[PDB]
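So the entry's author numbering is basically just the index in the sequence shown, starting at one, shifted up by 87.
Okay, so here's the structure we're looking at.
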Amino acid sequence: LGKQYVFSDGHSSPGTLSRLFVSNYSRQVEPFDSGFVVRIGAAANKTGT
Ligand SMILES: *[C@@H]1O[C@H](CO)[C@@H](O[C@@H]2O[C@H](CO)[C@@H](O)[C@H](O)[C@H]2NC(C)=O)[C@H](O)[C@H]1NC(C)=O
Numbered sequence: 088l089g090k091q092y093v094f095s096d097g098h099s100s101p102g103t104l105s106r107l108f109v110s111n112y113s114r115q116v117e118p119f120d121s122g123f124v125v126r127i128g129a130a131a132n133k134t135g136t
């Protein structure tokens, strides 16, 4: 199954830009054992939240 990472838009208002909105990915450290592969853009051209 691997691991899922999701990015989001920052806080926005009509005519205004506000603080960013992210998860706690920066403080997580993963072991690099033999490398990894990344699947990118699998859910393209679809309605998403
Ligand atoms: C990053 O955030 C995730 C999601 O909240 C944290 O995972 C939770 O950690 C708490 C505290 O130990 C546990 O009680 C929950 O069961 C965890 N949830 C899941 C889904 O794993 C995670 O610890 C955070 N990483 C940090 C702070 O380094």
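Note that beta-carbon positions come from the ideal geometry of N, C-alpha and C, so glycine has one too.
Check your understanding: Is the beta carbon of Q91 within less than 7 Å of some heavy atom of ligand 1?
Key -> As a position in the sequence shown, residue 91 is number 4, starting the count at 1. Checking every heavy atom of ligand 1 against the Cβ of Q91, none is found closer than 7 Å.
Check your understanding: So, helix, strand or coil for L107, using DSSP?
Key -> By one-based count along the sequence shown, residue 107 stands at place 20. The answer is coil: DSSP assigns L107 none of H, G, I, E or B.
Practice item. Specify the secondary structure class of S121 as computed by DSSP and reduced to three states. Key: Numbered from its first residue, the sequence shown carries residue 121 at position 34. Of the three classes helix, strand and coil, the one that applies to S121 here is coil, per DSSP.
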